[PDB]
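Note sheet for the following structure.
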Amino acid sequence: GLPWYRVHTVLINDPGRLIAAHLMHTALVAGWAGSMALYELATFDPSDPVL
Amino acid sequence: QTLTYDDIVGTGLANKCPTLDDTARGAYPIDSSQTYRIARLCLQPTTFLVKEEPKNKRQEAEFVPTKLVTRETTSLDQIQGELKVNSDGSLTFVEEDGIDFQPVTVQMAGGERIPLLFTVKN
Ligand code: CLA
Ligand code: CLA
Ligand code: CLA
Ligand code: CLA
Ligand SMILES: CCCCCCCCCCCCCCCC(=O)OC[C@H](COP(=O)(O)OC[C@@H](O)CO)OC(=O)CCCCCCCCCCCCCCC
Ligand SMILES: CC1=C(/C=C/C(C)=C/C=C/C(C)=C/C=C/C=C(C)/C=C/C=C(C)/C=C/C2=C(C)CCCC2(C)C)C(C)(C)CCC1
Ligand SMILES: CC1=C(/C=C/C(C)=C/C=C/C(C)=C/C=C/C=C(C)/C=C/C=C(C)/C=C/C2=C(C)CCCC2(C)C)C(C)(C)CCC1
């Protein structure tokens with residue numbers, strides 16, 4: 001069977017599932033941006049941009 | 001003109017004071033031998049400003065604008081009191097009675113809510 005370190009080689013000759021994995025990576029990265037921003041907004045103090 | 005309750009209800013105009021023409025720039029004489037009264041005084045706020053808390057360094061705090069969140073519930077009206085003529089000639093109004101307070105909540109940037117008793121009591 002495939003070793004663990006080779007699981008994603010199944011996409012090498014499957015252009016659609018390659019596009020599906022690339023879409024999921026993109027979805028997760030945009031997801032992260034959104035969540036990081038909301039956590040930052042929930043913790044940012046804007047009352048003093050000097051000190 | 002002589003509008004009616006049913007003309008006005010629900011429009012937001014019950015919270016507005018009456019107004020005088022662009023052309024009412026005359027003058028009302030005070031017969032010092034005479035006695036007077038405000039038969040109706042109406043105050044209608046149009047902006048609320050709150051002083052901001054300047055940091056320990058400070059430099060100066062300014063009055064910042066705020067969002068009204070309690071609707072057309074803010075005006076003071078039907079206020080009465082006597083207009084005396086003093087001896088140096090000045091006029092002094094002394095409130096007796098009237099709807100002379102409104103609670104009001106406005107909201108500062110960032111989301112802090114600030115209640116206040118908008119009043120001219122006494
Ligand atoms: C961008 C991320 C990504 C994508 C698109 C894929 C895509 C794919 N994987 Mg891969 N994989 C990934 C990450 C990814 N994987 C990671 C990080 C691991 C290590 C766990 C694996 C392990 C893995 C195995 C072991 C196998 C695949 C397989 C596959 C294929 C079929 C789907 C499947 O069986 O999913 C399985 C994968 C998952 C269900 C990923 C689970 C990871 C979760 C979502 C992490 C969540 C952590 C948790 C919620 C913590 C939250 C925060 C905490 C504070 C609580 C497909 C090509 C299969 C395949 O075709 O083999 C040929 C297969 O057998 N992958
Ligand atoms: C765009 C980046 C990219 C892409 C698309 C790939 C894609 C691939 N790599 Mg390469 N590779 C890359 C970067 C990349 N690699 C880099 C930077 C390194 C150096 C670290 C390697 C080192 C490397 C080795 C040494 C091998 C591959 C192999 C492979 C293939 C199988 C991998 C697999 O199933 O993983 C499966 C992995 C898991 C199931 C779990 C891994 C969990 C890791 C250790 C921690 C996860 C971190 C976390 C998810 C956050 C993401 C990281 C961060 C950068 C965002 C696949 C074609 C394999 C191959 O050639 O097979 C033919 C192989 O042997 N790659
Ligand atoms: C018609 C020309 C054209 C255009 C405009 C694109 C555009 C793109 N391709 Mg390329 N591609 C083309 C023809 C084209 N392709 C051909 C002829 C092939 C061979 C069959 C490929 C094969 C190919 C592969 C295999 C991959 C791409 C990928 C990508 C995307 C990478 C960046 C990304 O996802 O941004 C981030 C995305 C966004 C900001 C969202 C944009 C959404 C747009 C507006 C599309 C909306 C829906 C639309 C109908 C989908 C089809 C669009 C088009 C890609 C056909 C990007 C949208 C990658 C991809 O899909 O990434 C996931 C990828 O893995 N392309
Ligand atoms: C330029 C930016 C960039 C690039 C090139 C990549 C590239 C990659 N990412 Mg994505 N990622 C990015 C930004 C990027 N990422 C961002 C900004 C986020 C949001 C935080 C993510 C979140 C993300 C997730 C959630 C996942 C990926 C995955 C992947 C890999 C998919 C292909 C594969 O099988 O690799 C094969 C794997 C390797 C070649 C391993 C490379 C190891 C890298 C360098 C990390 C090094 C070890 C890591 C630091 C240890 C973490 C320990 C920690 C748990 C304490 C590929 C290496 C997937 C993945 O790793 O699947 C297994 C996956 O699950 N990425
Ligand atoms: C989104 C977040 C999710 C994160 C996913 C989690 C990470 C996924 C799993 C990674 C764990 C990898 C472990 C695989 C490890 C494991 O499977 O090893 C054995 C494995 C043997 O592979 P073969 O080619 O024989 O294939 C057999 C197959 O059954 C493997 O699938 O070797 C490899 O994986 C090569 C890497 C060796 C790695 C060497 C590690 C040995 C260190 C031991 C000594 C420790 C220190 C002690 C001395 C002080
Ligand atoms: C579905 C849907 C929706 C929704 C969406 C959502 C809700 C999403 C979410 C998303 C999200 C929410 C996402 C996020 C993401 C995240 C991520 C993906 C992360 C990552 C992480 C990592 C990767 C890390 C790593 C690390 C660690 C952990 C430690 C330290 C070091 C490092 C950095 C390495 C809508 C309605 C719109 C539409 C329809 C459909
Ligand atoms: C069609 C349809 C449907 C659909 C659905 C769906 C599509 C869903 C989705 C879902 C999803 C898609 C999910 C998501 C989730 C995710 C998660 C669960 C994540 C989490 C994350 C996290 C954990 C993060 C964290 C962080 C970061 C990253 C940074 C900053 C900070 C923090 C820490 C926050 C239904 C069923 C409704 C039914 C009807 C029909």
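Each chain in the structure tokens gets a letter, A, B, ..., in the order shown, and its residues are numbered from 1; ligands are numbered from 1 in order too.
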(message) Using DSSP secondary structure from the backbone, list all strand (DSSP E) positions within stretch 4-121 of chain B, as a PyMOL selection string.
(response) chain B and resi 36-43+49-51+63-65+67-68+76-85+91-99+101-107+113-119
**Message:** At a cut-off of 10 Å, which residues of chain B touch chain A? Count only C-alpha atoms and give the answer as a PyMOL selection string.
**Reply:** chain B and resi 52-55+57+109-110
The selected residues should be written to file as a PDB file, in the first residue's frame (atoms: N, CA and C atoms).
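To be explicit, this is the file written out as out_2.pdb:
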```pdb
ATOM      1  N   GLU B  52     -13.765  62.823  25.579  1.00  0.00           N
ATOM      2  CA  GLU B  52     -12.994  61.585  25.566  1.00  0.00           C
ATOM      3  C   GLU B  52     -11.951  61.585  26.686  1.00  0.00           C
ATOM      4  N   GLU B  53     -11.588  60.385  27.152  1.00  0.00           N
ATOM      5  CA  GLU B  53     -10.681  60.269  28.296  1.00  0.00           C
ATOM      6  C   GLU B  53      -9.216  60.330  27.854  1.00  0.00           C
ATOM      7  N   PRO B  54      -8.570  61.500  27.864  1.00  0.00           N
ATOM      8  CA  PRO B  54      -7.196  61.572  27.346  1.00  0.00           C
ATOM      9  C   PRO B  54      -6.253  60.758  28.224  1.00  0.00           C
ATOM     10  N   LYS B  55      -5.311  60.060  27.589  1.00  0.00           N
ATOM     11  CA  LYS B  55      -4.454  59.125  28.314  1.00  0.00           C
ATOM     12  C   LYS B  55      -3.517  59.874  29.273  1.00  0.00           C
ATOM     13  N   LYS B  57      -0.541  60.468  29.523  1.00  0.00           N
ATOM     14  CA  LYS B  57       0.240  61.509  28.870  1.00  0.00           C
ATOM     15  C   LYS B  57      -0.632  62.714  28.546  1.00  0.00           C
ATOM     16  N   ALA B 109     -17.758  55.817  19.366  1.00  0.00           N
ATOM     17  CA  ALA B 109     -16.951  54.920  18.554  1.00  0.00           C
ATOM     18  C   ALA B 109     -16.382  53.804  19.427  1.00  0.00           C
ATOM     19  N   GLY B 110     -16.339  52.586  18.892  1.00  0.00           N
ATOM     20  CA  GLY B 110     -15.906  51.426  19.651  1.00  0.00           C
ATOM     21  C   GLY B 110     -17.020  50.698  20.393  1.00  0.00           C
TER      22      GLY B 110
END
```
Using DSSP on the backbone coordinates, identify all residues within stretch 1-118 of chain B classified as alpha helix (DSSP H); present the result as JSON, numbers by chain. {"B": [5, 6, 7, 8]}
- Taking only C-alpha atoms and all ligand atoms into account, report as a list in words which residues have an atom no farther than 7 Å from an atom of ligand 6.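 The residues near ligand 6 are residues 28, 29, 31, 32, 34 and 35 of chain A.
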### Message
If I take atom 38 (C, counted along the ligand's line) of ligand 3 and atom CA of residue A:39, how far is one from the other in Å, to one decimal?
### Response
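Computing the Euclidean distance for atom 38 (C, counted along the ligand's line) of ligand 3 and atom CA of residue A:39 yields 23.6 Å.
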Using only C-alpha atoms, determine which residues lie at most 12 Å from residue B:67, disregarding the query and same-chain residues fewer than 6 positions distant; provide the list as a PDB file with N, CA and C atoms, in the first residue's frame.
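Final file, around-v5.pdb:
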```pdb
ATOM      1  N   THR B  46     -30.099  68.572  18.873  1.00  0.00           N
ATOM      2  CA  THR B  46     -29.703  68.045  17.580  1.00  0.00           C
ATOM      3  C   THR B  46     -28.342  67.361  17.579  1.00  0.00           C
ATOM      4  N   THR B  47     -27.471  67.627  18.546  1.00  0.00           N
ATOM      5  CA  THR B  47     -26.256  66.827  18.605  1.00  0.00           C
ATOM      6  C   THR B  47     -25.812  66.652  20.050  1.00  0.00           C
ATOM      7  N   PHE B  48     -25.349  65.445  20.335  1.00  0.00           N
ATOM      8  CA  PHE B  48     -24.753  65.084  21.621  1.00  0.00           C
ATOM      9  C   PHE B  48     -23.259  64.809  21.439  1.00  0.00           C
ATOM     10  N   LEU B  49     -22.421  65.458  22.248  1.00  0.00           N
ATOM     11  CA  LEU B  49     -20.974  65.298  22.195  1.00  0.00           C
ATOM     12  C   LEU B  49     -20.443  64.891  23.562  1.00  0.00           C
ATOM     13  N   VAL B  50     -19.571  63.885  23.592  1.00  0.00           N
ATOM     14  CA  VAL B  50     -18.959  63.412  24.830  1.00  0.00           C
ATOM     15  C   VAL B  50     -17.462  63.689  24.818  1.00  0.00           C
ATOM     16  N   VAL B 104     -31.482  59.603  27.846  1.00  0.00           N
ATOM     17  CA  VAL B 104     -30.963  59.496  26.494  1.00  0.00           C
ATOM     18  C   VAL B 104     -29.720  58.625  26.538  1.00  0.00           C
ATOM     19  N   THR B 105     -29.566  57.793  25.524  1.00  0.00           N
ATOM     20  CA  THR B 105     -28.373  56.985  25.353  1.00  0.00           C
ATOM     21  C   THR B 105     -27.803  57.260  23.974  1.00  0.00           C
ATOM     22  N   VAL B 106     -26.551  57.655  23.947  1.00  0.00           N
ATOM     23  CA  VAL B 106     -25.789  57.793  22.733  1.00  0.00           C
ATOM     24  C   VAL B 106     -24.605  56.824  22.821  1.00  0.00           C
ATOM     25  N   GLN B 107     -23.946  56.612  21.697  1.00  0.00           N
ATOM     26  CA  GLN B 107     -22.961  55.548  21.611  1.00  0.00           C
ATOM     27  C   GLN B 107     -21.678  56.068  20.963  1.00  0.00           C
ATOM     28  N   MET B 108     -20.544  55.894  21.639  1.00  0.00           N
ATOM     29  CA  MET B 108     -19.265  56.369  21.141  1.00  0.00           C
ATOM     30  C   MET B 108     -18.643  55.336  20.224  1.00  0.00           C
ATOM     31  N   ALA B 109     -17.758  55.817  19.366  1.00  0.00           N
ATOM     32  CA  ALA B 109     -16.951  54.920  18.554  1.00  0.00           C
ATOM     33  C   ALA B 109     -16.382  53.804  19.427  1.00  0.00           C
ATOM     34  N   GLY B 110     -16.339  52.586  18.892  1.00  0.00           N
ATOM     35  CA  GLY B 110     -15.906  51.426  19.651  1.00  0.00           C
ATOM     36  C   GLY B 110     -17.020  50.698  20.393  1.00  0.00           C
ATOM     37  N   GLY B 111     -18.092  51.404  20.750  1.00  0.00           N
ATOM     38  CA  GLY B 111     -19.314  50.768  21.131  1.00  0.00           C
ATOM     39  C   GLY B 111     -19.729  51.075  22.538  1.00  0.00           C
ATOM     40  N   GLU B 112     -19.031  52.014  23.177  1.00  0.00           N
ATOM     41  CA  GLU B 112     -19.382  52.393  24.538  1.00  0.00           C
ATOM     42  C   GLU B 112     -20.668  53.202  24.522  1.00  0.00           C
ATOM     43  N   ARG B 113     -21.613  52.778  25.345  1.00  0.00           N
ATOM     44  CA  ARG B 113     -22.886  53.458  25.498  1.00  0.00           C
ATOM     45  C   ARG B 113     -22.824  54.371  26.699  1.00  0.00           C
ATOM     46  N   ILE B 114     -23.420  55.547  26.541  1.00  0.00           N
ATOM     47  CA  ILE B 114     -23.315  56.619  27.519  1.00  0.00           C
ATOM     48  C   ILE B 114     -24.727  57.106  27.802  1.00  0.00           C
ATOM     49  N   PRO B 115     -25.365  56.693  28.889  1.00  0.00           N
ATOM     50  CA  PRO B 115     -26.635  57.316  29.258  1.00  0.00           C
ATOM     51  C   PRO B 115     -26.442  58.638  29.961  1.00  0.00           C
TER      52      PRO B 115
END
```
Report task. Provide the atom CA of residue A:2 to atom 18 (C, counted along the ligand's line) of ligand 7 distance in Å, to one decimal place. Result ->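 Atom-to-atom, atom CA of residue A:2 to atom 18 (C, counted along the ligand's line) of ligand 7, that is 28.9 Å.
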key: All residues having an atom within 9 Å of ligand 3 (only C-alpha atoms and all ligand atoms) as a ChimeraX atom specification   = /A:15-16,18-27
task: In Å, rounded to a single decimal, give me how far atom CA of residue A:4 is from atom 28 (C, counted along the ligand's line) of ligand 1.
output: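 Taking atom 28 (C, counted along the ligand's line) of ligand 1 and atom CA of residue A:4, their separation equals 9.2 Å.
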Tell me which protein, DNA and RNA residues are within 8 Å of stretch 80-95 of chain B, counting only C-alpha atoms, leaving out same-chain ones fewer than 6 positions away, and put them as a PDB file with N, CA, C and O atoms, in the first residue's frame.
```pdb
ATOM      1  N   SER B  32     -40.998  97.251  32.182  1.00  0.00           N
ATOM      2  CA  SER B  32     -40.435  96.890  33.481  1.00  0.00           C
ATOM      3  C   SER B  32     -41.457  96.977  34.616  1.00  0.00           C
ATOM      4  O   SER B  32     -41.365  96.224  35.592  1.00  0.00           O
ATOM      5  N   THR B  35     -45.149  92.182  34.618  1.00  0.00           N
ATOM      6  CA  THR B  35     -44.789  90.813  34.987  1.00  0.00           C
ATOM      7  C   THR B  35     -44.972  89.867  33.801  1.00  0.00           C
ATOM      8  O   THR B  35     -45.865  90.047  32.971  1.00  0.00           O
ATOM      9  N   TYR B  36     -44.139  88.830  33.733  1.00  0.00           N
ATOM     10  CA  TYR B  36     -44.113  87.986  32.543  1.00  0.00           C
ATOM     11  C   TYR B  36     -43.977  86.519  32.913  1.00  0.00           C
ATOM     12  O   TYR B  36     -43.717  86.157  34.062  1.00  0.00           O
ATOM     13  N   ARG B  37     -44.141  85.674  31.904  1.00  0.00           N
ATOM     14  CA  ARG B  37     -43.903  84.254  32.074  1.00  0.00           C
ATOM     15  C   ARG B  37     -43.638  83.623  30.721  1.00  0.00           C
ATOM     16  O   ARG B  37     -44.211  84.039  29.713  1.00  0.00           O
ATOM     17  N   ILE B  38     -42.779  82.603  30.718  1.00  0.00           N
ATOM     18  CA  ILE B  38     -42.667  81.669  29.598  1.00  0.00           C
ATOM     19  C   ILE B  38     -43.855  80.713  29.682  1.00  0.00           C
ATOM     20  O   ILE B  38     -43.975  79.925  30.615  1.00  0.00           O
ATOM     21  N   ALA B  39     -44.759  80.808  28.719  1.00  0.00           N
ATOM     22  CA  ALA B  39     -45.949  79.982  28.740  1.00  0.00           C
ATOM     23  C   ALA B  39     -45.669  78.598  28.193  1.00  0.00           C
ATOM     24  O   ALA B  39     -46.408  77.650  28.479  1.00  0.00           O
ATOM     25  N   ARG B  40     -44.630  78.477  27.387  1.00  0.00           N
ATOM     26  CA  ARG B  40     -44.153  77.194  26.905  1.00  0.00           C
ATOM     27  C   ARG B  40     -42.728  77.399  26.449  1.00  0.00           C
ATOM     28  O   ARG B  40     -42.453  78.316  25.680  1.00  0.00           O
ATOM     29  N   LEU B  41     -41.820  76.599  26.972  1.00  0.00           N
ATOM     30  CA  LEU B  41     -40.454  76.564  26.483  1.00  0.00           C
ATOM     31  C   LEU B  41     -40.146  75.151  26.000  1.00  0.00           C
ATOM     32  O   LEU B  41     -40.486  74.157  26.660  1.00  0.00           O
ATOM     33  N   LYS B 121     -33.692  70.895  34.827  1.00  0.00           N
ATOM     34  CA  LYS B 121     -34.499  70.989  36.040  1.00  0.00           C
ATOM     35  C   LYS B 121     -34.019  72.123  36.941  1.00  0.00           C
ATOM     36  O   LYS B 121     -32.822  72.247  37.216  1.00  0.00           O
ATOM     37  N   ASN B 122     -34.967  72.954  37.402  1.00  0.00           N
ATOM     38  CA  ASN B 122     -34.651  74.112  38.235  1.00  0.00           C
ATOM     39  C   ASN B 122     -33.824  75.149  37.487  1.00  0.00           C
ATOM     40  O   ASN B 122     -32.996  75.844  38.073  1.00  0.00           O
TER      41      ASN B 122
END
```
Identify, counting only C-alpha atoms and all ligand atoms, the protein, DNA and RNA residues located within 6 Å of ligand 2, and give them as a PyMOL selection string.
chain A and resi 4-9
Problem - Counting only C-alpha atoms, the option among B:77, B:97, B:6, B:62 closest to residue B:43 - result: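 Going through B:77, B:97, B:6, B:62 one by one, the smallest distance to residue B:43 is for B:77.
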When you look at stretch 8-12 of chain B with a cut-off of 12 Å (counting only C-alpha atoms), what residues show up, excluding the ones that are within fewer than 5 positions of it in the same chain? I need them as a CSV table (one decimal) with N, CA and C atoms, in the first residue's frame.
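File around28.csv, as written:
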```
chain,number,residue,atom,x,y,z
B,1,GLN,N,-49.5,74.8,10.4
B,1,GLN,CA,-50.9,75.4,10.7
B,1,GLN,C,-51.5,74.7,11.9
B,2,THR,N,-52.8,74.7,12.0
B,2,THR,CA,-53.5,74.0,13.1
B,2,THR,C,-53.6,72.5,12.8
B,3,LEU,N,-52.4,71.8,12.9
B,3,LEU,CA,-52.5,70.4,12.7
B,3,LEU,C,-53.1,69.7,14.0
B,17,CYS,N,-39.7,71.0,18.2
B,17,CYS,CA,-40.2,72.2,18.7
B,17,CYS,C,-40.8,73.1,17.5
B,71,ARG,N,-34.0,57.1,19.8
B,71,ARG,CA,-35.0,57.5,18.9
B,71,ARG,C,-35.6,58.8,19.4
B,72,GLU,N,-36.8,59.2,18.8
B,72,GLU,CA,-37.2,60.6,18.9
B,72,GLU,C,-37.9,60.7,20.2
B,73,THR,N,-37.1,60.7,21.3
B,73,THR,CA,-37.6,60.6,22.6
B,73,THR,C,-36.8,61.6,23.5
B,74,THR,N,-36.2,62.6,22.9
B,74,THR,CA,-35.1,63.4,23.5
B,74,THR,C,-35.5,64.8,23.9
B,75,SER,N,-36.7,65.3,23.5
B,75,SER,CA,-36.9,66.7,23.6
B,75,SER,C,-37.5,67.1,25.0
```
